[PDB]
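Have a look at structure08.tsv below; it lists TSV, C-alpha atoms.
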chain	number	residue	atom	x	y	z
A	851	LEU	CA	0.00	0.00	0.00
A	852	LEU	CA	2.86	2.44	0.68
A	853	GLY	CA	4.18	2.26	-2.88
A	854	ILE	CA	0.67	3.11	-4.05
A	855	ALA	CA	0.43	5.78	-1.33
A	856	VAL	CA	3.59	7.58	-2.48
A	857	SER	CA	3.18	7.31	-6.25
A	858	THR	CA	-0.27	8.87	-6.64
A	859	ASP	CA	-1.30	12.53	-6.82
A	860	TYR	CA	-4.29	12.02	-4.52
A	861	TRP	CA	-2.93	12.61	-1.03
A	862	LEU	CA	-5.28	15.52	-0.33
A	863	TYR	CA	-7.97	17.80	-1.73
A	864	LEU	CA	-8.21	21.54	-2.33
A	865	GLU	CA	-11.06	23.86	-3.27
A	866	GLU	CA	-10.67	27.64	-3.29
A	867	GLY	CA	-13.65	29.60	-4.57
A	868	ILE	CA	-15.91	32.56	-3.87
A	869	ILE	CA	-19.47	32.21	-2.62
A	870	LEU	CA	-22.64	33.96	-3.70
A	871	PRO	CA	-24.92	35.03	-0.81
A	872	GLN	CA	-28.53	35.35	-1.96
A	873	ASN	CA	-29.80	31.78	-2.58
A	874	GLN	CA	-27.11	30.98	-5.14
A	875	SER	CA	-24.73	28.02	-5.34
A	876	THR	CA	-20.99	28.47	-4.98
A	877	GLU	CA	-18.58	29.57	-7.72
A	878	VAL	CA	-15.39	27.51	-7.55
A	879	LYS	CA	-12.29	29.46	-8.58
A	880	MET	CA	-9.59	26.83	-8.04
A	881	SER	CA	-9.71	23.12	-7.27
A	882	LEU	CA	-7.06	20.42	-7.55
A	883	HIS	CA	-5.91	17.08	-6.18
A	884	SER	CA	-2.21	16.72	-5.52
A	885	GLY	CA	0.58	14.66	-3.99
A	886	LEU	CA	4.23	15.42	-3.25
A	887	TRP	CA	5.98	14.71	-6.55
A	888	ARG	CA	3.48	15.89	-9.18
A	889	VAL	CA	0.35	18.04	-8.98
A	890	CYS	CA	-2.49	17.43	-11.45
A	891	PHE	CA	-4.95	20.34	-11.51
A	892	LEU	CA	-8.71	19.81	-11.66
A	893	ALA	CA	-10.55	23.15	-12.01
A	894	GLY	CA	-7.88	25.84	-12.39
A	895	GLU	CA	-8.91	27.29	-15.79
A	896	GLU	CA	-9.63	23.62	-16.77
A	897	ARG	CA	-5.92	22.89	-17.17
A	898	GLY	CA	-4.57	19.35	-17.24
A	899	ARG	CA	-1.02	20.07	-16.07
A	900	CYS	CA	0.34	17.18	-14.04
A	901	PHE	CA	2.67	19.83	-12.80
A	902	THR	CA	5.76	19.64	-10.61
A	903	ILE	CA	6.21	21.90	-7.61
A	904	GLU	CA	9.77	23.05	-8.43
A	905	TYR	CA	8.22	25.03	-11.28
A	906	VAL	CA	5.97	27.80	-9.94
A	907	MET	CA	2.28	28.23	-10.97
A	916	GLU	CA	-0.82	32.34	-5.15
A	917	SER	CA	-1.43	30.90	-1.68
A	918	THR	CA	-1.68	27.23	-2.69
A	919	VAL	CA	1.79	27.66	-4.21
A	920	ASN	CA	3.14	28.41	-0.73
A	921	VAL	CA	1.05	25.48	0.53
A	922	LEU	CA	2.87	23.34	-2.03
A	923	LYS	CA	6.23	24.72	-0.87
A	924	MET	CA	5.53	23.41	2.64
A	925	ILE	CA	4.80	19.88	1.36
A	926	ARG	CA	8.48	19.79	0.35
A	927	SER	CA	9.19	19.93	4.10
A	928	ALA	CA	7.10	16.73	4.46
A	929	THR	CA	9.35	14.88	2.00
A	930	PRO	CA	11.98	12.78	3.88
A	931	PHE	CA	10.07	10.65	6.42
A	932	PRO	CA	7.85	8.78	3.89
A	933	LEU	CA	11.03	8.08	1.91
A	934	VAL	CA	12.81	6.70	4.99
A	935	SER	CA	9.62	4.69	5.66
A	936	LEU	CA	10.08	2.69	2.45
A	937	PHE	CA	13.66	1.60	3.16
A	938	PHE	CA	13.06	0.19	6.65
A	939	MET	CA	10.09	-1.90	5.54
A	940	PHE	CA	11.94	-3.24	2.49
A	941	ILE	CA	14.96	-4.28	4.57
A	942	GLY	CA	12.58	-5.75	7.13
A	943	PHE	CA	10.56	-7.52	4.45
A	944	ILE	CA	13.51	-9.31	2.86
A	945	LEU	CA	15.12	-10.22	6.21
A	946	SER	CA	11.88	-11.97	7.16
A	947	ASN	CA	12.48	-14.13	4.09
A	948	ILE	CA	16.16	-14.75	4.86
A	949	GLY	CA	15.17	-15.81	8.38
A	950	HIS	CA	12.93	-18.39	6.73
A	951	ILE	CA	15.91	-19.45	4.59
A	956	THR	CA	15.58	-15.63	14.46
A	957	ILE	CA	17.95	-12.67	14.70
A	958	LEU	CA	17.32	-12.29	10.96
A	959	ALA	CA	13.62	-11.96	11.82
A	960	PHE	CA	13.82	-10.17	15.19
A	961	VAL	CA	15.74	-7.08	14.07
A	962	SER	CA	13.60	-6.92	10.90
A	963	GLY	CA	10.59	-6.53	13.18
A	964	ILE	CA	12.34	-3.55	14.76
A	965	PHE	CA	12.73	-2.07	11.27
A	966	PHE	CA	8.96	-2.47	11.02
A	967	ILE	CA	8.72	-0.67	14.38
A	968	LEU	CA	11.23	2.05	13.44
A	969	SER	CA	9.24	2.48	10.21
A	970	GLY	CA	5.92	3.44	11.79
A	971	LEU	CA	7.58	5.84	14.21
A	972	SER	CA	8.61	7.72	11.06
A	973	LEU	CA	5.09	7.22	9.69
A	974	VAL	CA	3.68	9.20	12.63
A	975	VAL	CA	6.33	11.94	12.38
A	976	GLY	CA	5.63	11.88	8.65
A	977	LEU	CA	1.94	12.36	9.39
A	978	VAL	CA	2.84	14.89	12.09
A	979	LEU	CA	4.81	17.07	9.66
A	980	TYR	CA	2.21	16.58	6.91
A	981	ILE	CA	-0.97	17.45	8.79
A	982	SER	CA	0.43	20.26	10.96
A	983	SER	CA	2.01	22.12	8.03
A	984	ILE	CA	-1.30	21.96	6.15
A	985	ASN	CA	-2.95	23.36	9.28
A	986	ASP	CA	-0.37	26.16	9.25
A	987	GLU	CA	-1.38	27.46	5.83
A	988	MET	CA	-5.01	26.53	6.57
A	989	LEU	CA	-5.12	29.45	8.98
A	990	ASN	CA	-2.46	31.48	7.13
A	991	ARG	CA	-4.98	31.92	4.33
A	992	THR	CA	-6.23	35.49	4.51
A	993	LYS	CA	-9.78	35.01	5.76
A	994	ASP	CA	-12.48	36.77	3.73
A	995	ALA	CA	-16.26	36.46	3.95
A	996	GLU	CA	-16.85	35.69	0.26
A	997	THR	CA	-13.91	33.30	-0.25
A	998	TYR	CA	-15.19	29.98	1.05
B	505	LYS	CA	-1.24	44.92	7.92
B	506	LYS	CA	-3.77	44.27	10.69
B	507	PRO	CA	-2.73	40.86	12.04
B	508	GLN	CA	-4.82	37.73	12.06
B	509	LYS	CA	-4.09	34.84	14.43
B	510	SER	CA	-0.34	34.35	14.53
B	511	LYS	CA	1.07	30.85	14.14
B	512	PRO	CA	1.92	29.13	17.45
B	513	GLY	CA	5.28	27.47	17.79
B	514	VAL	CA	5.94	23.82	18.44
B	515	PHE	CA	6.58	24.59	22.11
B	516	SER	CA	3.39	26.64	22.50
B	517	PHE	CA	1.67	24.07	24.73
B	518	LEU	CA	3.53	25.27	27.85
B	519	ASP	CA	2.42	28.86	27.19
B	520	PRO	CA	0.24	29.57	30.31
B	521	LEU	CA	3.22	29.15	32.69
B	522	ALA	CA	6.50	31.05	32.79
B	523	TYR	CA	9.83	29.30	32.26
B	524	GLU	CA	10.74	29.86	35.91
B	525	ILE	CA	7.72	27.92	37.16
B	526	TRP	CA	8.44	24.88	34.96
B	527	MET	CA	12.02	25.14	36.20
B	528	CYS	CA	10.94	25.34	39.85
B	529	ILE	CA	8.70	22.31	39.30
B	530	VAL	CA	11.70	20.19	38.27
B	531	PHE	CA	13.87	21.29	41.19
B	532	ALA	CA	10.90	20.58	43.44
B	533	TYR	CA	10.59	17.17	41.78
B	534	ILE	CA	14.21	16.29	42.52
B	535	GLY	CA	14.52	17.31	46.16
B	536	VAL	CA	11.21	15.80	47.28
B	537	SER	CA	12.38	12.48	45.84
B	538	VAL	CA	15.65	12.97	47.73
B	539	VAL	CA	13.68	13.59	50.93
B	540	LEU	CA	11.64	10.43	50.31
B	541	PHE	CA	14.87	8.51	49.76
B	542	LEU	CA	16.46	9.99	52.88
B	543	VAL	CA	13.40	9.41	55.06
B	544	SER	CA	13.40	5.81	53.80
B	545	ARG	CA	17.09	5.57	54.76
B	546	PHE	CA	16.61	6.47	58.44
B	547	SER	CA	13.47	4.35	58.90
B	548	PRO	CA	12.58	0.62	58.69
C	752	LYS	CA	-14.88	82.19	5.62
C	753	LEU	CA	-14.88	78.39	5.63
C	754	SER	CA	-12.84	77.99	8.82
C	755	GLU	CA	-14.75	80.55	10.92
C	756	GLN	CA	-17.79	78.27	11.19
C	757	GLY	CA	-16.27	75.00	10.02
C	758	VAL	CA	-17.41	74.19	6.49
C	759	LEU	CA	-13.97	72.61	6.33
C	760	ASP	CA	-14.72	71.03	9.71
C	761	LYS	CA	-18.34	69.84	9.52
C	762	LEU	CA	-17.92	68.34	6.06
C	763	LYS	CA	-14.86	66.50	7.38
C	764	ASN	CA	-17.21	64.97	9.96
C	765	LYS	CA	-19.46	63.62	7.22
C	766	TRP	CA	-17.10	62.24	4.54
C	767	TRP	CA	-15.01	60.43	7.19
C	768	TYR	CA	-18.19	58.93	8.67
C	769	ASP	CA	-19.80	58.13	5.32
C	770	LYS	CA	-17.96	55.15	3.83
C	771	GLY	CA	-18.71	52.56	6.50
C	772	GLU	CA	-16.87	51.53	9.64
C	773	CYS	CA	-14.40	48.83	10.67
C	774	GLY	CA	-13.93	49.18	14.41
C	775	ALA	CA	-15.30	47.57	17.57
C	776	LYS	CA	-18.18	46.06	15.55
C	777	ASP	CA	-16.15	42.97	14.64
C	778	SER	CA	-13.82	42.63	17.64
C	779	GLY	CA	-16.63	41.48	19.93
C	780	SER	CA	-19.00	38.97	18.35
C	781	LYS	CA	-17.60	38.25	14.88
C	782	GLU	CA	-15.56	35.42	16.36
C	783	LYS	CA	-16.32	31.94	17.55
C	784	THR	CA	-13.46	29.86	18.84
C	785	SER	CA	-12.54	26.85	16.77
C	786	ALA	CA	-11.36	23.36	17.48
C	787	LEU	CA	-7.69	23.10	18.35
C	788	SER	CA	-5.32	22.48	15.51
C	789	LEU	CA	-2.86	19.66	15.77
C	790	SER	CA	-0.27	22.46	15.54
C	791	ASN	CA	-1.50	23.76	18.90
C	792	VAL	CA	-0.35	20.47	20.44
C	793	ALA	CA	2.06	19.14	17.80
C	794	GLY	CA	5.20	19.53	19.90
C	795	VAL	CA	3.90	17.09	22.49
C	796	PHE	CA	4.11	14.40	19.81
C	797	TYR	CA	7.69	15.48	19.10
C	798	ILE	CA	8.30	15.08	22.83
C	799	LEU	CA	6.31	11.84	22.69
C	800	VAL	CA	7.97	10.16	19.71

Written as structure tokens, that's how I'd like the structure from this file.
Amino acid sequence: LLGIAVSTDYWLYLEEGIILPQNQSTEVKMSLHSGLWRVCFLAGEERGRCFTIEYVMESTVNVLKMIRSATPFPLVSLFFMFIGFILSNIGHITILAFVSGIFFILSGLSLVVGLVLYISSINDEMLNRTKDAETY
Amino acid sequence: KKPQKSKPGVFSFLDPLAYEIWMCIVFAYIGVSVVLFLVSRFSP
Amino acid sequence: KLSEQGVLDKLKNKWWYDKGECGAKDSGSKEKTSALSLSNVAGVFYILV
């Protein structure tokens, strides 16, 4: 599941638009699903750019700059499972299996810190959006 | 620019107490344990 | 002739009152407190893990 979890551009959701007060449905201005490597837009001018973050393009850009801070701990998470997965097979072919279980334990400690850095930095720019009445 | 809610730091949970009080808690924590050890020394 | 009775003055009362206000109207009851963020208590997890 983690290889699927890293490789997709569907880690989160975003919808920035402006509302209409008097009994009228909302007008979406920007909407996109994204990941960490590529970003594939959904409703920004109806543009199909599966677009990297190192290239720019106004607030969701700076949101995307903070997801670069959430990079390393999912990448470290892959290596400790993969060492622990193959050492479970070499122990079948013990200490080969015991320490590999610790690499499964040391993995998920980085999963939490990975989810700590991910969710809290989103909550940073969640409030750091300039709050207007019309912009839902 | 009129400020909105500023971002709290990672050590913002200990905000409602000063640094001296948290410090005086720890030095209270040490010596009371020393007293408990020393009372337990001079008593069966 | 303007300053002796305040045509400068009384019109400066009106045009500076005219365009709406942004004062104590929204400091008092245009807020409701929210749920805590994780970022309010994130550093405990850093102390935890």

Select all residues from chain B having any atom no more than 12 Å from an atom of chain A (counting only C-alpha atoms, ignoring ligands), output as a ChimeraX atom specification. /B:505-514

For a quick check of understanding, using only C-alpha atoms, which of B:542, B:534, B:527, B:517 has the smallest distance to residue 797 of chain C? B:517

Emit as JSON the padded axis-aligned box for all listed atoms of segment 523-535 of chain B, 8 Å per side, with centre and edge lengths in Å to one decimal.
{"center_x": 11.1, "center_y": 23.1, "center_z": 39.2, "size_x": 22.8, "size_y": 29.6, "size_z": 29.9}

In terms of all atoms listed in the file, the residue from A:873, A:868, A:941, A:859 at minimal distance from residue 901 of chain A is A:859

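Atom pair atom CA of residue 983 of chain A / atom CA of residue 521 of chain B has a distance of 25.7 Å (rounded to one decimal).
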
Using only C-alpha atoms, what table do you get, as a tab-separated table, when you list each residue of chain A with an atom no more than 12 Å from chain C, its nearest pair of atoms, and their distance in Å rounded to one decimal, rows by chain then rising number?
residue	atom	partner	partner_atom	distance
A:968	CA	C:800	CA	10.8
A:970	CA	C:800	CA	10.6
A:971	CA	C:800	CA	7.0
A:972	CA	C:800	CA	9.0
A:973	CA	C:800	CA	10.8
A:974	CA	C:800	CA	8.3
A:975	CA	C:797	CA	7.7
A:976	CA	C:797	CA	11.2
A:977	CA	C:793	CA	10.8
A:978	CA	C:793	CA	7.2
A:979	CA	C:793	CA	8.8
A:980	CA	C:789	CA	10.7
A:981	CA	C:789	CA	7.6
A:982	CA	C:790	CA	5.1
A:983	CA	C:790	CA	7.9
A:984	CA	C:790	CA	9.5
A:985	CA	C:788	CA	6.7
A:986	CA	C:790	CA	7.3
A:987	CA	C:790	CA	11.0
A:988	CA	C:788	CA	9.8
A:989	CA	C:788	CA	9.6
A:995	CA	C:781	CA	11.2

Would you mind putting N, CA and C atoms back on segment 757-773 of chain C and writing the result as a PDB file, in the frame of the given file?
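Writing done, so here's result22.pdb:
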ATOM      1  N   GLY C 757     -16.616  76.395  10.152  1.00  0.00           N
ATOM      2  CA  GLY C 757     -16.270  75.000  10.020  1.00  0.00           C
ATOM      3  C   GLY C 757     -16.917  74.269   8.865  1.00  0.00           C
ATOM      4  N   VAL C 758     -17.011  74.907   7.696  1.00  0.00           N
ATOM      5  CA  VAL C 758     -17.410  74.190   6.490  1.00  0.00           C
ATOM      6  C   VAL C 758     -16.322  73.201   6.094  1.00  0.00           C
ATOM      7  N   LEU C 759     -15.059  73.582   6.316  1.00  0.00           N
ATOM      8  CA  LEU C 759     -13.970  72.610   6.330  1.00  0.00           C
ATOM      9  C   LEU C 759     -14.214  71.527   7.372  1.00  0.00           C
ATOM     10  N   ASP C 760     -14.667  71.926   8.561  1.00  0.00           N
ATOM     11  CA  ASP C 760     -14.720  71.030   9.710  1.00  0.00           C
ATOM     12  C   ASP C 760     -15.922  70.089   9.644  1.00  0.00           C
ATOM     13  N   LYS C 761     -17.124  70.641   9.440  1.00  0.00           N
ATOM     14  CA  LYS C 761     -18.340  69.840   9.520  1.00  0.00           C
ATOM     15  C   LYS C 761     -18.465  68.883   8.344  1.00  0.00           C
ATOM     16  N   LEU C 762     -17.958  69.274   7.178  1.00  0.00           N
ATOM     17  CA  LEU C 762     -17.920  68.340   6.060  1.00  0.00           C
ATOM     18  C   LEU C 762     -16.869  67.253   6.278  1.00  0.00           C
ATOM     19  N   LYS C 763     -15.824  67.541   7.053  1.00  0.00           N
ATOM     20  CA  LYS C 763     -14.860  66.500   7.380  1.00  0.00           C
ATOM     21  C   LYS C 763     -15.433  65.525   8.411  1.00  0.00           C
ATOM     22  N   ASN C 764     -16.472  65.928   9.145  1.00  0.00           N
ATOM     23  CA  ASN C 764     -17.210  64.970   9.960  1.00  0.00           C
ATOM     24  C   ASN C 764     -17.939  63.969   9.080  1.00  0.00           C
ATOM     25  N   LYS C 765     -18.533  64.442   7.988  1.00  0.00           N
ATOM     26  CA  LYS C 765     -19.460  63.620   7.220  1.00  0.00           C
ATOM     27  C   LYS C 765     -18.730  62.626   6.316  1.00  0.00           C
ATOM     28  N   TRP C 766     -17.777  63.098   5.506  1.00  0.00           N
ATOM     29  CA  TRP C 766     -17.100  62.240   4.540  1.00  0.00           C
ATOM     30  C   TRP C 766     -16.204  61.188   5.189  1.00  0.00           C
ATOM     31  N   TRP C 767     -15.775  61.416   6.429  1.00  0.00           N
ATOM     32  CA  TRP C 767     -15.010  60.430   7.190  1.00  0.00           C
ATOM     33  C   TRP C 767     -15.901  59.498   7.993  1.00  0.00           C
ATOM     34  N   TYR C 768     -17.190  59.810   8.085  1.00  0.00           N
ATOM     35  CA  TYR C 768     -18.190  58.930   8.670  1.00  0.00           C
ATOM     36  C   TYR C 768     -18.955  58.139   7.614  1.00  0.00           C
ATOM     37  N   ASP C 769     -18.861  58.549   6.351  1.00  0.00           N
ATOM     38  CA  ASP C 769     -19.800  58.130   5.320  1.00  0.00           C
ATOM     39  C   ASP C 769     -19.563  56.721   4.788  1.00  0.00           C
ATOM     40  N   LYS C 770     -18.308  56.284   4.679  1.00  0.00           N
ATOM     41  CA  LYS C 770     -17.960  55.150   3.830  1.00  0.00           C
ATOM     42  C   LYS C 770     -18.029  53.813   4.556  1.00  0.00           C
ATOM     43  N   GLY C 771     -18.694  53.756   5.701  1.00  0.00           N
ATOM     44  CA  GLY C 771     -18.710  52.560   6.500  1.00  0.00           C
ATOM     45  C   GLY C 771     -17.655  52.587   7.591  1.00  0.00           C
ATOM     46  N   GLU C 772     -17.730  51.595   8.471  1.00  0.00           N
ATOM     47  CA  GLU C 772     -16.870  51.530   9.640  1.00  0.00           C
ATOM     48  C   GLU C 772     -16.286  50.134   9.783  1.00  0.00           C
ATOM     49  N   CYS C 773     -15.072  50.077  10.325  1.00  0.00           N
ATOM     50  CA  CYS C 773     -14.400  48.830  10.670  1.00  0.00           C
ATOM     51  C   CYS C 773     -13.688  49.048  11.995  1.00  0.00           C
TER      52      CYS C 773
END
